[PDB]
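Novice: Got a sequence here, can you model it:
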Amino acid sequence: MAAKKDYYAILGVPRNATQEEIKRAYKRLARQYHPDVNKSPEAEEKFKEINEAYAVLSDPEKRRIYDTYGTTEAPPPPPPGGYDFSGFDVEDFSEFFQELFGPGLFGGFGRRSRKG
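Specialist: Numbering: from 1, shown residues only. The relevant structure is shown in the block below.
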C-alpha cells in the first residue's frame, strides 16, 4: 500500500493506457535521465522510477498484478524466483515494487518471524 508512486503518472499515461503510448513514455524520459546526457543524483532517482513504472507497465500481465494487489489486504504474491527482472535491477526500486515482486527477488532472507 506504498501509494507514493503512480506508475502511470511517472511515465505520463492514463490507467487504461495502450502499450504503444507506454513504451514511448519510457523512451522519452529515459533520454532525459540517462547518466551520459544528465549525470545528476537528481536524475539517477527518476531513472529508477521510469524503469520501475515500465517494469510493471511493459505488459497488462504485470499491470493487473499491481492493480489486484498493492494494498495491505492484497493476497500473498506468486512463489519467489518466479519473476522476470533481468536488465532492470528491480531489487533497487522502492517499497511499492518491493512489496509486490520484492519478496520474490529476495526469497525471504534474515530468518525472521511473522504475524498473522
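Novice: List the buried residues of the lengthiest helix in the chain.
Specialist: Counting by DSSP state H, the longest helix found in the chain is helix 41-57. Buried positions in helix 41-57, judged by neighbour count with 16 or more other Cβ atoms under 10 Å: 46-57. C-beta coordinates here come from the backbone N, C-alpha and C atoms, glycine included.
Novice: List just the nearest of those to residue 26.
Specialist: residue 54 (4.0 Å; Cβ to Cβ).
Novice: Dump the C-alpha coordinates for the longest helix of the chain into PDB.
Specialist: Only the C-alpha atoms of helix 41-57 are listed here, as PDB (Å, rounded to 0.1, in the frame of the first residue of the first chain):
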ATOM      1  CA  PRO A  41      21.800  12.500  -8.400                       C
ATOM      2  CA  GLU A  42      18.500  14.300  -9.100                       C
ATOM      3  CA  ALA A  43      18.400  12.300 -12.400                       C
ATOM      4  CA  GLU A  44      19.500   8.800 -11.200                       C
ATOM      5  CA  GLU A  45      16.500   8.600  -8.800                       C
ATOM      6  CA  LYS A  46      13.900   9.300 -11.600                       C
ATOM      7  CA  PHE A  47      15.900   6.900 -13.800                       C
ATOM      8  CA  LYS A  48      14.800   4.200 -11.300                       C
ATOM      9  CA  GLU A  49      11.200   5.300 -11.200                       C
ATOM     10  CA  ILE A  50      10.700   5.400 -15.100                       C
ATOM     11  CA  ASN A  51      12.300   1.900 -15.400                       C
ATOM     12  CA  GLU A  52      10.200   0.800 -12.300                       C
ATOM     13  CA  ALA A  53       7.000   2.200 -13.900                       C
ATOM     14  CA  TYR A  54       7.800   0.500 -17.200                       C
ATOM     15  CA  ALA A  55       8.800  -2.800 -15.500                       C
ATOM     16  CA  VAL A  56       5.100  -3.100 -14.400                       C
ATOM     17  CA  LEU A  57       3.700  -1.200 -17.400                       C
END
